[PDB]
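[1] Experimental structure and sequence below, a few questions after.
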Amino acid sequence: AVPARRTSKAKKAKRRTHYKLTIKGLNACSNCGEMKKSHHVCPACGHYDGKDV
Amino acid sequence: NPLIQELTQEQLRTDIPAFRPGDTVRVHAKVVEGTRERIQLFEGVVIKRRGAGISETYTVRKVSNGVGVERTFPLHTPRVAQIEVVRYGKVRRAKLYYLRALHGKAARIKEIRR
Amino acid sequence: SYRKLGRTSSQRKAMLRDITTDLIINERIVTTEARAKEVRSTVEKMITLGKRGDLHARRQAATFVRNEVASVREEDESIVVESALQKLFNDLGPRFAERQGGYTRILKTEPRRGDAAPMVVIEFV
Amino acid sequence: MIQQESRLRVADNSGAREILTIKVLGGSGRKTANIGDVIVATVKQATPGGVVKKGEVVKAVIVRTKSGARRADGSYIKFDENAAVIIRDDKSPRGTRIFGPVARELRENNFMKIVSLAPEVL
Amino acid sequence: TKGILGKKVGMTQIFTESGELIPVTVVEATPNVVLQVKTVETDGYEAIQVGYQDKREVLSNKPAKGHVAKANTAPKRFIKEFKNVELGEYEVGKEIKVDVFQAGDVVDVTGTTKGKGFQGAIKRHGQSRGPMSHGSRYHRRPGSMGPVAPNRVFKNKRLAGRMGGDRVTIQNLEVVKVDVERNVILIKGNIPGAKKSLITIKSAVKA
RNA sequence: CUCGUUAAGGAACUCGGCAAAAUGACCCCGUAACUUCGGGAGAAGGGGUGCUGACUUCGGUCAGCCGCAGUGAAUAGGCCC
RNA sequence: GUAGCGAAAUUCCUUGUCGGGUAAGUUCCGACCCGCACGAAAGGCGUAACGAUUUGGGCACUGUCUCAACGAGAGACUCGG
RNA sequence: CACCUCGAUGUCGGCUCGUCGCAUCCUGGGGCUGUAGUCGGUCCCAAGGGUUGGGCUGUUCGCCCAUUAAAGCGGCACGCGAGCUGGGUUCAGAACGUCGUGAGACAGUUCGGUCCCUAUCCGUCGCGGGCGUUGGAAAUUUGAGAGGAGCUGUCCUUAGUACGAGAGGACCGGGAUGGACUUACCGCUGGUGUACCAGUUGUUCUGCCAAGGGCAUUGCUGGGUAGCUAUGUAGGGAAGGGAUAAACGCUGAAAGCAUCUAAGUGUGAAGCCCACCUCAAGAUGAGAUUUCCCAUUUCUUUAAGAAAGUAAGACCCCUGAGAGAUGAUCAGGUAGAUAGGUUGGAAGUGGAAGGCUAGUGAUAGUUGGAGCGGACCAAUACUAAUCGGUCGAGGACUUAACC
Ligand SMILES: [K+]
Ligand SMILES: [K+]
Ligand SMILES: [K+]
Ligand SMILES: [K+]
Ligand SMILES: [K+]
Ligand SMILES: [Mg+2]
Ligand SMILES: [Mg+2]
Ligand SMILES: [Mg+2]
Ligand SMILES: [Mg+2]
Ligand SMILES: [Mg+2]
Ligand SMILES: [Mg+2]
Ligand SMILES: [Mg+2]
Ligand SMILES: [Mg+2]
Ligand SMILES: [Mg+2]
Ligand SMILES: [Mg+2]
Ligand SMILES: [Mg+2]
Ligand SMILES: [Mg+2]
Ligand SMILES: [Mg+2]
Ligand SMILES: [Mg+2]
Ligand SMILES: [Mg+2]
Ligand SMILES: [Mg+2]
Ligand SMILES: [Mg+2]
Ligand SMILES: [Mg+2]
Ligand SMILES: [Mg+2]
Ligand SMILES: [Mg+2]
Ligand SMILES: [Mg+2]
Ligand SMILES: [Mg+2]
Ligand SMILES: [Mg+2]
Ligand SMILES: [Mg+2]
Ligand SMILES: [Mg+2]
Ligand SMILES: [Mg+2]
Ligand SMILES: [Mg+2]
Ligand SMILES: [Mg+2]
Ligand SMILES: [Zn+2]
C-alpha cells in the first residue's frame, strides 16, 4: 500500500528511538589492561584466562 | 522416567515369554459380562510389539472367515491369563504391516523350530 | 535438537565432514559459532572411535572422513604419506586415551568483517 | 470413521452386496460413525435374485470397521474391511445369516440377534 | 477446601483393581511448606502462603530468606497462596504431605500450558483453512476483519499471536493413587503443562 | 512459494475431478460395438521381469536363493460409455 | 416449406410431458412434436477415424474435501553491508 | 426524488470471519382453549446458546433426497474482491434462431476469454523498552473493571401409573449414555519425523576383493525416537443463590362488597447480578501484606539542592530450553550438572564387521535379540559457562491521641 501522508520529522525521530545500537560486554583484560569483550579473546595480546593463544 | 519405572514395576508382569513379531501366539483373553467371565482363545501371528515397560502393546492378526482381524492387547493386563507361543516364525522385520495386503498362501510365515 | 547452518541435509553433512577432517589435520581451526558448536560433538564422536581402535570403528569413521592427507611424516623420500584416518587412529586416540570427554575447546574471537559473523577458534586439548 | 458417500460391504444374505452411506444418524452434524452406529444408505450392488435390490433406500448397522473399536482394558479390535448389516426399523436384520466376524460392541447397543446369528463375535 | 502444589513428571498407563486401564499423570509433591498466614484484620482475606521446591541459597536472595526464616525452612522456588481453607488447621512451618488426599477423591488442577509460540488463527482458534485448489489464493488466513460501516475492526476478532503460556484449570479429575514414601500423586488424565512445570492441586469447587 | 508424507473415508470439494494423485519401459497372451474394411487398437483386460547353477543349439527351459517390493532408483499412456 | 430433422449450438412459455440414469439430476441420453423464431450447397439428414474441441456418466486414483497435521528448502524474522 | 459519488462506483453468487436486532425456528416460563391424555392451536415474556449434509442450476431463491430438538426472518455499502474465487455478467473471436437492403443488433441462446498494490496512520491480535506509582529492591496478592463458556437429544425409572369406554398414553422427580462445541495433553490408537535403523537399483569414488561414501525427489522402499499432533485420550458447560419479566398471587383500601396494589408482602424463566475459568493496580483513583538495604562522602545551602562512590538488588556478558520472530520468560554461571562430550541405559531398527561351517554358487547358519543408536533418562566438571564491569537508596510538607 501507499503512505497517503508524509510522516513528520517528529514522527520519524520517534520511530528512531529504538533504532539505536548498543555495545556491551566490554571489560578490561587483566593482562594488558586494554578493553575486550567479555568471553572473547583479547585481540591485542591474544590471552584468555591468562593463556596465550 | 526413573520414578515412572519405580511406580510401574509392581504392575509389570512376569508370566510373559520373550516372543517377537512373526511368531504365532494364542491369547487366553478373558471377557467380562458382569454376570460371567469367559476366556476365549484368540490365535494369530504377531505383527508388532511396541512400547516401553508398561506402555508395551502387541497386536495379533487372524483370518477368521475371510476377514482379516487385528487385535491389540497391552502386554501387562490381568485380563490376559496366558500367552502361548506355538511357532517361532522367521522374518527380517519387526513390523509386519505387509501382511494386511496379503491373503493366505503368501501370508505364511516360515517356521524355524527355534 | 540440532542445528541446520543454512544448508540442506546433504550440504551440512558434507560441510561437517570437510571441517572435521580439516580439524583433525590442523589440530586447530577458525570457524563460526554454530558450525563449531556442532563440529564439537562431531569430532568428539570421531575421537571416541579413535580410542576404540577396532576395525568396526575404523569403518564407522571411514564412513565419515574424507580421506584427506594430514602430513607427509617423511624419513627418506616420500614414503610416509599419512591420511587423516591414520592420524585419528595413531596420533589422537593415544593422545586422549585418558580423558573421559572434552577433546576440544572453543574460543570466541573477532567478528568477521564482511558479515559481522561471530568467529570462533576450535582447538584440541 | 465412516462418512457420507462411503461404500461398505454387506455382511448378511438380505440381498445386498455393496452399500453407500447416505447419512449417519444420531444428532444433527454427526459426520462420522463407527461400530454400533446406525446408517442410512442406498444399495449400489445387489444379489440378482435378492429381496433388497438396486436403488433401494434402507437403514443399516456398522458391524466391523478398519478404524476399529476400543475396550476399557486397552484391548482394541480392527479389521481389514468396512462392512454393515441391513436392518428394519426394529434392530432386527432384513436377511437371516451374517457372514464374517462381528465386534462385541453391539451387545451394549442391543443388536443381540445379530450377535447371535454371527458365527464369531470378537 | 485444601490443596497442594507440585511438579509434573509425565504420563503412564495404569490398571485399577481390574483390567480397566486408566491413563495417568504423575505429580511429584515433595512436601509443601506453609510460610505465611493471611487474615482479614491485617491482609483483607483468609489465606495461606505455601512453598514447594527448594532452591540453592546462592540462587535465592536475602529478602526471600527473611520471609522463609519464620517457618524455619530453606529457600523455596515456587510460592503460591491457597484460599478458602481452614486457618485453625494450618500453622506456620507446617508441612503438607500428600497423605492429605485420598485416592478416589475429586480434584481440580491448575497449570501453565505448553508454549506453542507465535501461531496462526487456524491452530490458535480452530478456524478453517480456505480451499487449496480451484484457483484459491486463500489458504491459511483468518478472513475478513468485519463490516465497512464501523470503519474499524471490532475487538475479539481472533488472529495470530502467542499460543500457550496461559493458566488453565482442569476440573472434576480423580486421584488414582498416592505414594507418600515417594511423595507422588497419580491423577486420572492429562493436565496442562510441560514437564518439570508447576501444578496446583485443589479439592474440587464444583463437588 | 516450491517440494514430500498421511490414519479412516474417498469427489462428499467444486461452476466444473481445477490441480495433484494414479497409469507409464520391454516380452507374451488377449482385445468389443462400429467401420469409408484402412482402421478402431498400444482398445480393453491380464500375467511376467531380480540373482545363481544346469539346459539348450542360444530364446525360450528346469531347479534353487533372497527380499514388503525385481523396467527395485530416473526417464516413458489413465481408461471406458 | 417438400424430403429429412425437431424443447435442437435453434423452444420464449420451459426446470415442457413421458422414460432411463441418481437416494435426490433446471444439466445429460432417448421418444413425443403447440417448430414463440428448423429446413435443404447462408446447404439438410447421417457418418468410421481424428480433436490440448464442448457436454454428461462410470472405474481406478488420490489432501480436492470431511478436518486438517507434520517435515524439508527460499523469503519473511535478528545481525552486518 | 436525483441530494453525494463519473480527475473511478467493483457487478451477482459462493468461500473465510463473523457481529447485531427481535417481528423467537428449538430449548426456557406462562395465560386461554372448541386444552380428556399424547400431539397441539393461539397469544404474552424471553435474543443465553444452537439453528445440518447432499443432487439440479453460475445462481439467491426454489424442488428433491435424508436427518434434525430445530433446520428462524432480516440488517451490517442486498457485510466482507488493498481477504479469496470469477461460475454469471453480450469487452474484443465465432456460431444458431429472429430482425434489418446492409454495416450490425437481441425481442433469445451457445463455446471461449489478463481480478494490479512491498500497509504510512487509525483499527485489531500479540510481545517489548522507557517512565511513573514520592527512599531503593525481591516476592505473594485483594480486586474495580473486562472477557470467555452458556446448547441439546435418546434411553431407563416413576409407570403402562394419571388420563381416557378403549386405542393409545403422561406431568413432577431421579438416573444412564450420546451428539455438536470447546480447554488441555500425547500414556494408549494412528500420522509426521530430510544428522535414527535396515533393505535395495544404477553409476562413480575410497588402488582392487570385502566393507563403505557421493548423486539420482530424503534415489526408492519398509519401519520409527523426541517434538508437533487429531481422527486419539481426559475433562467441561454441575448443583445453587439474589432480584426480576410475563403470569400466579396473600392481605387490603380507595368504592361498606369486590379487587394481586395504592401503601405492605411473596412465588416466579435457558434470560439479568453472582456462582465456573481466564486477564487485571498504567484501577495516574497507580491499592494491600511479608521480607531486605540502610540514613554515607564532598560541594553548595537553607536548596523536596548538585555529583560520586556504594548497601539490598538488578543488569550486561556467557552455557541453554520446559521458552522463543527479535526483545522477553525460565533454568544456570565452578558456592556448578546449564549445554556439549564420555560412560551407562531406554525406545527404535533388526541379527553388524571380521571369522568359521555348509553349499557348485547364489545364499543360509553360528560367533551374538548382535551391532548401530538425533533430540529420551541417570550419572560424570573432561570442554565451555573465565576475568570482570555498569546501574542502583539514603528518604518533602500540613494536620490529627504524644499522633
Ligand atoms: K468513526
Ligand atoms: K421438439
Ligand atoms: K427456433
Ligand atoms: K462515478
Ligand atoms: K474491503
Ligand atoms: Mg540428495
Ligand atoms: Mg498456491
Ligand atoms: Mg488419506
Ligand atoms: Mg458436488
Ligand atoms: Mg488435470
Ligand atoms: Mg524405474
Ligand atoms: Mg429436457
Ligand atoms: Mg434450393
Ligand atoms: Mg438457415
Ligand atoms: Mg440456400
Ligand atoms: Mg455445414
Ligand atoms: Mg479522487
Ligand atoms: Mg417478543
Ligand atoms: Mg456442496
Ligand atoms: Mg455426480
Ligand atoms: Mg454485498
Ligand atoms: Mg466467465
Ligand atoms: Mg463479436
Ligand atoms: Mg435477411
Ligand atoms: Mg481454453
Ligand atoms: Mg499484506
Ligand atoms: Mg485441540
Ligand atoms: Mg501420541
Ligand atoms: Mg512417547
Ligand atoms: Mg565391491
Ligand atoms: Mg559425484
Ligand atoms: Mg552429476
Ligand atoms: Mg424470588
Ligand atoms: Zn589483553
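    Yep, it's here. Numbering: from 1, shown residues only, chains lettered A, B, ... in the order given. Ligands and ions are numbered 1, 2, ... in the order given.
[2] And the helices in chain A, which stretches?
    With DSSP state H, the ranges of helices along chain A come out as A:9-15.
[3] next one: chain D
    Using DSSP H, the helices of chain D run over D:112-117.
[4] How about chain C?
    C:9-26, C:33-52, C:55-62, C:84-87.
[5] what angle separates the third one from helix C:33-52?
    Yep, that's helix C:55-62 we're talking about. Orientation check (axes from the mean of the first three to the mean of the last three CA atoms, to 10 degrees): helix C:55-62 against helix C:33-52 gives 160 degrees.
[6] Could you check helix C:55-62 and say which residues are buried?
    C:57-58, C:61 (16 or more other CB atoms under 10 Å in any protein chain shown). Backbone N, C-alpha and C define where each C-beta goes, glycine included.
[7] From those residues, pick the one nearest residue E:1.
    residue C:57 (62.1 Å; CB to CB).
[8] list the contacts for that closest one?
    C:49-50 (CB atoms under 8 Å, 6 or more residues apart in numbering or on different chains).
[9] mind checking how far it is from residue C:125?
    Residue C:57 is 22 Å from residue C:125, where distance means CB to CB, to the nearest Å.
[10] Near ligand 34, which residues of chain A are found?
    Where chain A comes near ligand 34, counting by CB under 5 Å from the ion, the residues are A:29, A:31-32, A:42, A:45.
[11] And the residue of chain C that's closest to chain D?
    In chain C, the residue that lies nearest chain D is residue C:1 (31.9 Å; CB to the nearest CB).
[12] Are stretch E:162-180 and RNA strand H in contact anywhere?
    Yes. Counting by CB under 7 Å from any atom of the strand, RNA strand H is contacted by stretch E:162-180 at E:162, E:164-173.
[13] Now that stretch: buried residues?
    E:163, E:170, E:173, E:175-176, E:178-179.
[14] out of these, which are inside strands?
    Here DSSP state E is the test, and the buried residues of stretch E:162-180 give E:163, E:170, E:173, E:175-176, E:178-179 as lying in strands.
[15] For those residues, give me TSV that also has distance to chain D.
    What follows is those, written out as TSV (distance: CB to the nearest CB, whole Å):
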residue	distance to chain D
E:163	26
E:170	22
E:173	18
E:175	20
E:176	15
E:178	23
E:179	23
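[16] now, which of those sits nearest RNA strand F?
    Distance to RNA strand F, by CB to the nearest atom of the strand, is smallest for residue E:163 among those, at 19.5 Å.
[17] Name the residues linked to that closest one by a beta bridge.
    On the basis of DSSP bridges, residue E:163 is bridged to residue E:117.
[18] Show me which residues of chain A sit near RNA strand G.
    For chain A, the contact set with RNA strand G under CB under 7 Å from any atom of the strand comprises residue A:21.
[19] for chain A, what spans make up the strands?
    For chain A, the strands defined by DSSP E cover A:26-28, A:35-37.
[20] List just the one of the ones you listed that sits closest to residue D:62.
    Nearest to residue D:62 among these is strand A:35-37 (69.8 Å), distances taken as CB to CB.
[21] Partner strands of that closest one, with direction?
    Strand A:35-37 pairs in its sheet with strand A:26-28 (antiparallel), by DSSP bridges.
[22] Contacts for the partner strand next, please.
    The contact list for strand A:26-28, computed with CB under 8 Å, 6+ apart, reads A:34-38.
[23] measure the nearest residue to residue C:105 once chain neighbours are set aside to residue C:103 for me?
    In space, not counting the residues next to it along the chain, residue C:105 is nearest to residue C:123; the distance is 5.9 Å by CB to CB, 6 or more residues apart in numbering or on different chains. Distance of residue C:123 to residue C:103, given as CB to CB: 10 Å.
[24] So for the two, which residue has more residues nearby?
    Taking neighbours as other CB atoms under 10 Å in any protein chain shown, residue C:123 and residue C:103 compare with residue C:103 leading, 19 against 14.
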